[PDB]
Amino acid sequence: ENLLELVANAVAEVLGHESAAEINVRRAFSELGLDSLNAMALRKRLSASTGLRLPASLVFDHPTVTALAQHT
Amino acid sequence: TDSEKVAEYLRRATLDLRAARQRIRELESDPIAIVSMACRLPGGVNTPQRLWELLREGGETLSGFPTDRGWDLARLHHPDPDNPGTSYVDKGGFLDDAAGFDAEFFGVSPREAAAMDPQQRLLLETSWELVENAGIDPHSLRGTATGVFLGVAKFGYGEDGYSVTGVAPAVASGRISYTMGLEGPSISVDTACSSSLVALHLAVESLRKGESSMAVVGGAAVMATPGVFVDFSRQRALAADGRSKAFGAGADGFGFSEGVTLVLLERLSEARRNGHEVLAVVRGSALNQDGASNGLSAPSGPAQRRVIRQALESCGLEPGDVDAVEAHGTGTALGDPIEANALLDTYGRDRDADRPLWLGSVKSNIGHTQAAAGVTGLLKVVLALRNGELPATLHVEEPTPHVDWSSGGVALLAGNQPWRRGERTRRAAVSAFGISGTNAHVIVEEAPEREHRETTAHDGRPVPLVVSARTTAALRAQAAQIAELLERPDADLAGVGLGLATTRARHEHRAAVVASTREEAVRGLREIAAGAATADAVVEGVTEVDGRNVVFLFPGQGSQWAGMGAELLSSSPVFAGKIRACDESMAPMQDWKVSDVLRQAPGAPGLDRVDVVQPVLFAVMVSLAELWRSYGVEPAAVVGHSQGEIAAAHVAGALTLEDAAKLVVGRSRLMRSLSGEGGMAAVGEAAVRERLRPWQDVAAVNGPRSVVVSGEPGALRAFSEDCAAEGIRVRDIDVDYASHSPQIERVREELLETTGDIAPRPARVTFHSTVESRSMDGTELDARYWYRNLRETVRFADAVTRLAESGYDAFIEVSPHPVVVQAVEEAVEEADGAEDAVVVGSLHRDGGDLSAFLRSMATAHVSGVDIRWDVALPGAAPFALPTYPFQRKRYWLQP
Amino acid sequence: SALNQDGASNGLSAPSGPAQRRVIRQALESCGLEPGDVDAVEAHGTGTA
């Protein structure tokens, strides 16, 4: 639950947002705006922060931000 | 017959010939109706506001070189026309704000939004507004065959990251079809100042070929960089005091600033069939080239005459059937005399005798507007048809003396002329001449008159007023405009949630209000963006699934209200019809009428004897379902228990009406022989199970703490008092009976012989039961099953929990009862399911009426489940609709 | 000939197959020839995807 803020600020950084808090937790990635290799940039940011692996299927595993509890 | 088959062949040949000629005529020419319009001119939105209002007097040319953009000042302006890198004339209108955008509404990242030409943003906004202002819900256009045929030019770029910057200023921006989800052809043309016009021509052809249903035609410009204002200043073409004068005593040719315009076109027959609104008709166009002239950029009169005559021939009309012409003004020292001479030569030559051909130009009042000029002319002409007046601005008195202005029937529009309807159907023409040398001409005609309508309403008739699409816009804030956009000086009804275009699917947020007196929207709903409400449903839906699965509950035995309402019986017709049908079905076996008891008419029996209480409730419950199903709510897994098992079976289609009624009455009568011999208890399962050991006497499990246990006669009252000495939420029990208990006995098998007459049928949807924690099936129901229903324990909470994590899921427990009795009270969060639980109620226990049912539906319209509100409003007409707020600055990378 | 738009599908790029299916069908049906007369097809293919 502590990494939710990490995920939110990583998403804001990769998407160009500055508030890092005005992001709908329960919303699809497409509605919030996303493209191709933005996912791999987010994966690199998570690997730098969390240190976990890069399954590359996490985006389609759970598009909603509120379902980002798969870490660890 | 030899003398008959030949006649039949002749008739078929004649019919086929007529059809073929009609098809040929349709293909070679077909009226095209203009359905809607939207524009963004510098200084104000569109339609009336920035039009019939401003066009009455004029003005414009506010000058004021924009400061929001970079645009280094104090250097562009210099008095010397021959200065190397400066430019004179610092006047010229401009858009109030070009950096405004919403971004999040259309789902684009702010990083990509910053690197984005303003033309695309303005085009997206204007296209949404255009679709909205047509009575067509934008979300229904998805998957259709509409195409875009626009014309856009590249005006500067950002001279200062894995993507974009090669796709945003890409000219070919057909991303409108990407966002909306269209399938028609997407084309971006470029033919200088006439581009929009020729674009229009292409669309017409597609609309006559059947490859597209509706078309979007328009143009745009932004003038991002100083650019043109410098370069033309070095050509000595642009002149000071940039008020362009058409057919006067001046020569400027001023290159006015940006402007965005769009229109929607559809075939006339389709528009009439579907039921849209028609404003004007296009019935001919022509294009040509100046050919080899005396210069690359120089008009040629013969080409203009040829194109005008070609357009007239294509329309199949006569040159004397046009009353007003909009000219390609572009006030210069050479173009105006040539255009005037060409018009005099082609439209003159004894036009009528007394009727003169009125002439005007929009550019004399609004500016050149670059590529979107020609379509802008349309925005004038059509309005002249809708107001019976010619907006003759033409801010110049003395005409040009070079051209023989007199001795002709072409009169300049000095003042204003009435344009009233009546005989001699009105017609008009527009023309455009580009720099490259392409000329276009178009003829437009007034729409046919069909306006009768009717008047209704003004009765009580409570009307739902579902919000004007509380949407993905910031989850807040925008509610403000919807609160204030609904300000009614003098009107009524105005069905917004109707098929009316404003629908917008209420993207995520949604809200509702139900009343019939006044607005009350400026009340709590208004401050809901920063506060709370009093009696209005507010929802935070996420449209997890737009169409939710549906299930119903049917347990009663304890509602026992004081009369299940009567106003809805008089008002709602389907409820009364079902009640009457049930009464007729039950009439030939028992004397009592359910309607009489419901109305509380004199002579009706009291609500004490079970023989009346049990059937009447049944007669209500099914009817309630018939109401819900009447609103597009189709259940799937009715799971109601107790005496409502049979009601659920009837809703499931496994039983007939008369069979269920006779079973109900027989069961009640046979049970009536037992009285004052039983009673349950209302409460931990293990605690009561281990505590009831000293007694030889379980009924139902409604939850972790709502278990109903089987009891015994008055010794059970003593046990209940003993428990009430402790806590354990000791409660009371209803009328005496010992159902779901072994203490029934008595007739026993006598029921099976008396109650066995049924012909069970396969279930239509699902008949999941509580006696067995699994789905039942049709034709598997027998008198023994209902005997065990009254004898065995009820497993309700476990079944509900099992269904909660089931595949259908959807947490849409409705419970159509005259009482709340929703003892489930969620109790599904500990079922490894989702979190968007609805568990809505039904008709209120005490304050129940049609308005209460509408309120319950609105409170049901929360989350995802959808209903058709048009049923509640039989006979109406859409009124009007505003648009979406809240742009923000993006500044398009100034450094 | 025939023309159509891919519509809303994934990102702006990376076209969708059904759109190509529909455009092929429309092109074949415009002239009125069954899809058994074409002997060679010119393809528009470049690298990935």
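Please treat every number below as a calculation from the coordinates, not as lab data. Reconstructed Cβ throughout: ideal geometry from the backbone, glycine too, with neighbour counts over all protein chains shown.
Restricting attention to the range B:113-162, which residues are within 14 Å of chain A (Cβ to nearest Cβ) and more than 29 Å from the chain's Cα centre (by Cα)?
Scanning the range B:113-162 gives B:114, B:115, B:161, B:162.
Of the residues B:38, B:74, which single one is hydrophobic (A, V, I, L, M, F, W, C), away from every other protein chain (no Cβ under 14 Å), in a loop (DSSP other than H, G, I, E, B) and out of contact with any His (no Cβ under 7 Å at 6 or more places or on another chain)?
Matching residue, one of B:38, B:74: B:74.
Restricting to the range B:313-336, name every residue that is surrounded by 18 or more Cβ atoms within 10 Å (Cβ to Cβ) and over 15 Å from residue B:409 (Cα atoms).
Result: B:315, B:326, B:327, B:328, B:329, B:330, B:331, B:332, B:335, B:336.
Name the single residue, out of those in the range A:1-34 being out of contact with any helix residue (DSSP H, G or I) (no Cβ under 8 Å at 6 or more places or on another chain) and over 27 Å from residue B:477 (Cβ atoms), that is nearest to the other protein chains (Cβ to nearest Cβ).
Among those that are out of contact with any helix residue (DSSP H, G or I) (no Cβ under 8 Å at 6 or more places or on another chain) and over 27 Å from residue B:477 (Cβ atoms), it is A:1.
Any idea how many residues of the range B:1-55 are within 21 Å of residue B:384 (Cβ to Cβ) and either of a type in the set (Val, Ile, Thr) or surrounded by fewer than 10 Cβ atoms within 10 Å (Cβ to Cβ) (or both)?
5
Restricting the range C:11-26 to residues that are part of a loop (DSSP other than H, G, I, E, B) and more than 10 Å from chain B (Cβ to nearest Cβ), which is farthest from residue B:163 (Cα to Cα)?
Among residues in the range C:11-26 that are part of a loop (DSSP other than H, G, I, E, B) and more than 10 Å from chain B (Cβ to nearest Cβ), the one farthest from residue B:163 (Cα to Cα) is C:16.
Any residue at all in the range B:371-393 that's of a type in the set (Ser, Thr, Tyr) and under 25 Å from residue B:285 (Cβ atoms)?
Yes: the range B:371-393 contains one or more residues that are of a type in the set (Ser, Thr, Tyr) and under 25 Å from residue B:285 (Cβ atoms).
If you go through the range B:260-273 one residue at a time, do you hit one that is in a strand (DSSP E or B), among the acidic types (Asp, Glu) and either away from every other protein chain (no Cβ under 14 Å) or in contact with a strand residue (DSSP E or B) (Cβ under 6 Å, 6 or more places away or on another chain) (or both)?
Yes.
Out of all the residues in the range B:154-176, is one or more closer than 19 Å to residue B:222 by Cα and assigned to a helix (DSSP H, G or I)?
The answer is yes; a qualifying residue exists.
Tell me yes or no: at least one residue of the range B:628-640 is crowded, with 21+ Cβ neighbours inside 10 Å and either more than 35 Å from the chain's Cα centre (by Cα) or farther than 30 Å from residue B:775 by Cβ (or both).
Taking every residue of the range B:628-640 in turn, at least one turns out to be crowded, with 21+ Cβ neighbours inside 10 Å and either more than 35 Å from the chain's Cα centre (by Cα) or farther than 30 Å from residue B:775 by Cβ (or both).
For the range B:441-457, check the following and say yes or no: at least one residue is surrounded by fewer than 17 Cβ atoms within 10 Å (Cβ to Cβ) and among the small types (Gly, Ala, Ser).
Yes, the conditions are met somewhere in the range B:441-457.
Being within 30 Å of residue B:99 (Cα to Cα) and touching an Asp or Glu at 6+ places or on another chain (Cβ under 9 Å) is true for just one of B:803, B:843, B:881. Which residue is that? Before the answer, list the steps.
On the way: B:803 fails: within 30 Å of residue B:99 (Cα to Cα); B:843 fails: within 30 Å of residue B:99 (Cα to Cα).
Result of the check over B:803, B:843, B:881: B:881.
If only one of B:834, B:876 is out of contact with any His (no Cβ under 7 Å at 6 or more places or on another chain), in a loop (DSSP other than H, G, I, E, B) and either within 30 Å of residue B:137 (Cα to Cα) or of a type in the set (S, T, N, Q) (or both), which one is it?
Going through B:834, B:876 in turn, just one is out of contact with any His (no Cβ under 7 Å at 6 or more places or on another chain), in a loop (DSSP other than H, G, I, E, B) and either within 30 Å of residue B:137 (Cα to Cα) or of a type in the set (S, T, N, Q) (or both): B:876.
Which one of the conditions (1) over 21 Å from residue B:516 (Cα atoms); (2) under 28 Å from the mean Cα position of the chain (by Cα); (3) among the hydrophobic types (A, V, I, L, M, F, W, C) does residue B:794 fail to meet, given that it meets all the rest?
Failed condition: (2).
Scan the range B:183-230 for residues that are under 19 Å from residue B:441 (Cα atoms), among the small types (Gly, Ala, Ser), away from chain C (no Cβ under 14 Å) and crowded, with 24+ Cβ neighbours inside 10 Å and jot them down.
Within the range B:183-230, B:194, B:195, B:196, B:199, B:218, B:219 qualify.
From B:796, B:811, grab the single residue that is in contact with a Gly (Cβ under 9 Å, 6 or more places away or on another chain) and closer than 24 Å to residue B:506 by Cα.
Result: B:811 is the single residue among B:796, B:811 that is in contact with a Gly (Cβ under 9 Å, 6 or more places away or on another chain) and closer than 24 Å to residue B:506 by Cα.
Do you know which residues across the range B:737-761 are exposed (fewer than 14 other Cβ atoms within 10 Å of the Cβ) and either assigned to a loop (DSSP other than H, G, I, E, B) or basic (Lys, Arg) (or both)? Quick ask: steps written out before the conclusion?
At the first step, the residues of the range B:737-761 found to be exposed (fewer than 14 other Cβ atoms within 10 Å of the Cβ) are B:742, B:745-746, B:748-750, B:753, B:756-757, B:759.
Selection gives B:742, B:745, B:746, B:748, B:756, B:757, B:759.
Being over 28 Å from residue B:707 (Cβ atoms), assigned to a loop (DSSP other than H, G, I, E, B) and polar (S, T, N, Q), is that true of even one residue in the range B:763-785?
Yes.
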